[PDB]
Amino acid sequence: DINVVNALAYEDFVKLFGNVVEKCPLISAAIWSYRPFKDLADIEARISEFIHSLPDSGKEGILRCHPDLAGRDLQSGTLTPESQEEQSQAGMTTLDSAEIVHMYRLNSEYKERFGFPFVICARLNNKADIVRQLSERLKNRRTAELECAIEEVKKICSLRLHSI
């Protein structure tokens, strides 16, 4: 109900919406300045607007706040609830030994090339789609890759918003 949302104290707005962009509560905290909102779509547009106003370093910074698919945080039970649910949905929690070594290998190569983690919208992809895109995006130039990765962040955000 956009009306209860629009009436939220900023503290409560940030508590509810503070993880729609992984570990970046600043983003949701920022867009509260633009209340009242017309609908959830208004909130989405404001968030996209904010992200796109950032320098490239800010975009890369957002990416660096994300945990690896099937990486240290998954295997340590230190993912946020959203990341944990999303990664299980994409099959990351039931990878076999060979699949885990492969994901490690693919992640290391990606981060070495680009200087941020590989990010994809897990809820929109299965295991196979994920390996396909990783191998694919590995071949991108940095500028094109940054745009690609931020689009996945925005998709993740939209789904997270709609799960609230």
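Position 1 is the first residue in the sequence shown; the rest follow in order.
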Going by the entry, of stretches 2-10 and 155-163 the one with greater average Cα B-factor is 2-10
Which is higher on mean Cα B factor in this entry, 30-38 or 57-65? 30-38
Among modelled residues of the same chain, the CA temperature factor third for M103: middle
Third of the chain, ranked by Cα B-factor, where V119 sits: lowest
For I43, the third of its chain by CA B-factor is the middle
Place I51 in the lowest, middle or highest third of its chain's C-alpha B-factors, as listed in the PDB entry. lowest
